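What follows is a set of notes on a single structure, which appears directly below.
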Amino acid sequence: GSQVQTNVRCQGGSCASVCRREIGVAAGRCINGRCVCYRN
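Read the sequence shown against the entry's author numbering and you will find it ends at 37, with the numbers running on by one and no gaps.
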């Protein structure tokens, strides 16, 4: 997968704003306890 993995914890909920900070794109998802971010 081309998801961008991060060190930011989550137990559900939005990762969009976290991803704005992490990768500069306000898109992502909580997967298995951490945020991933989407750049296309």
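Ideal placement from N, C-alpha and C gives every residue a C-beta, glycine not left out.
Cβ neighbour criterion (16 or more within 10 Å) applied to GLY9: Along the sequence shown, one-based indexing puts residue 9 at 12. By the neighbour-count criterion, in which 16 or more other beta carbons inside 10 Å mark a residue as buried, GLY9 falls on the exposed side.
Check: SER14 C-beta below 7 Å from any heavy atom of the ligand PLP: As presented, the structure is devoid of all ligands, the ligand PLP included, so that no description of it is given.
Candidates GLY21, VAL15 and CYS7: closest to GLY30 by CA position: Against the sequence shown, residue 30 aligns to sequence position 33. Proximity to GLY30 across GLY21, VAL15 and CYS7 peaks at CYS7, based on C-alpha coordinates.
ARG17 versus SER(-1): straight-line alpha-carbon distance, rounded: Here residue 17 refers to the residue found at position 20 of the sequence shown. Here residue -1 refers to the residue found at position 2 of the sequence shown. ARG17 and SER(-1): Cα-Cα distance of roughly 17 Å.
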